[PDB]
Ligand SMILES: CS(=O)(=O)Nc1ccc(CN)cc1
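Given as structure tokens, the chain that follows is alone and in the form deposited without the ligand.
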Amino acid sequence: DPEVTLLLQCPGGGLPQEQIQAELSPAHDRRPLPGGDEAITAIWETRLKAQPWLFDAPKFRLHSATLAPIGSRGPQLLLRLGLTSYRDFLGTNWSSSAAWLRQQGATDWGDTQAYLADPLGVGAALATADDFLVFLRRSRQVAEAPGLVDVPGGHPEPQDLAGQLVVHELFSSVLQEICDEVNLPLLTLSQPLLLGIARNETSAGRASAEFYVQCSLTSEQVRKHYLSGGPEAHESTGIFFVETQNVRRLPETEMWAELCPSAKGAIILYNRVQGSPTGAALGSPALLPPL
């Protein structure tokens, strides 16, 4: 699967908020473009002259993530974060010359991402009480991945001492994205666990944090809540459910070619981190069928 690369797989079946540190520093920001940031301003001006209702918004930028030695006490992950914006994304990762910026970053900084906005996404493997994962169909009229299958998520907007507030906003934002798009009550959702980080190589390597969330409602109750909002309550055009039993072999199905890269990342990390049992009981042939 060339359109997705794993940057991080979390240990212990996934990390809770209390085990993650963030360092938010201007040292983690995008580098100014070789010919000046005027090229981003020019793309933005041109876009507003066709769509004058568009607005900019701040975003978190992922610089890097370091995992502690496995089995250790204390914080298990450090996230190095800077700040970016929707405007900087449209002028870099979304630009037709994004591959040229990646090559110049390798040359100048030894870092393919140095000249890229790289806004941080969040996504969820959302499981129902009757053991299904939740999937959403994208509109065929949108600019990125039209008509493809997605999972719930988004790109969080800002507002270990500033750090712990940033980790809280990341975990908070995946729950808020589930409530806004699936129309679920917040009290039906578990605290999220971080499964890992995946990169979208079709969007010049931008990364998404992928989380596991468990809902106390059944698939039928989740569908009712989603539909009861009506067409204006969601950006997606449909919802559907796959048994967790069948998610194991999803990359061998015709569904796999319809999944957007960030949803592929969520399902690969769910299979590696929540699936794949390590012990004798769940490992037994009747419970883990070979092939």
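Numbering starts at 1 and follows the sequence shown.
FYI, the form deposited with the ligand bound isn't displayed, but the following is about it.
Not displayed here, the ligand is approached by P289 to within 4.5 Å at the level of heavy atoms in the entry with it bound. The ligand in the entry with it bound is approached by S173, whose closest heavy atom lies within 4.5 angstroms of it.
In the entry with it bound, the ligand sits within 4.5 Å of a heavy atom belonging to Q245. Mapping the unseen interface onto this chain, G205 falls outside it, with no heavy atom inside 4.5 Å of the ligand in the entry with it bound.
Checked against the ligand in the entry with it bound, the candidates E157, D160, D130, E201 yield a single residue with a heavy atom inside 4.5 Å, and that residue is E157. You can rule out all but one of 184-192, 99-107, 216-224, 148-156: in the entry with it bound, only 148-156 has residues with a heavy atom within 4.5 Å of the ligand. Contacts between 216-243 and the ligand, taken as any heavy atom within 4.5 Å in the entry with it bound, involve only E235.
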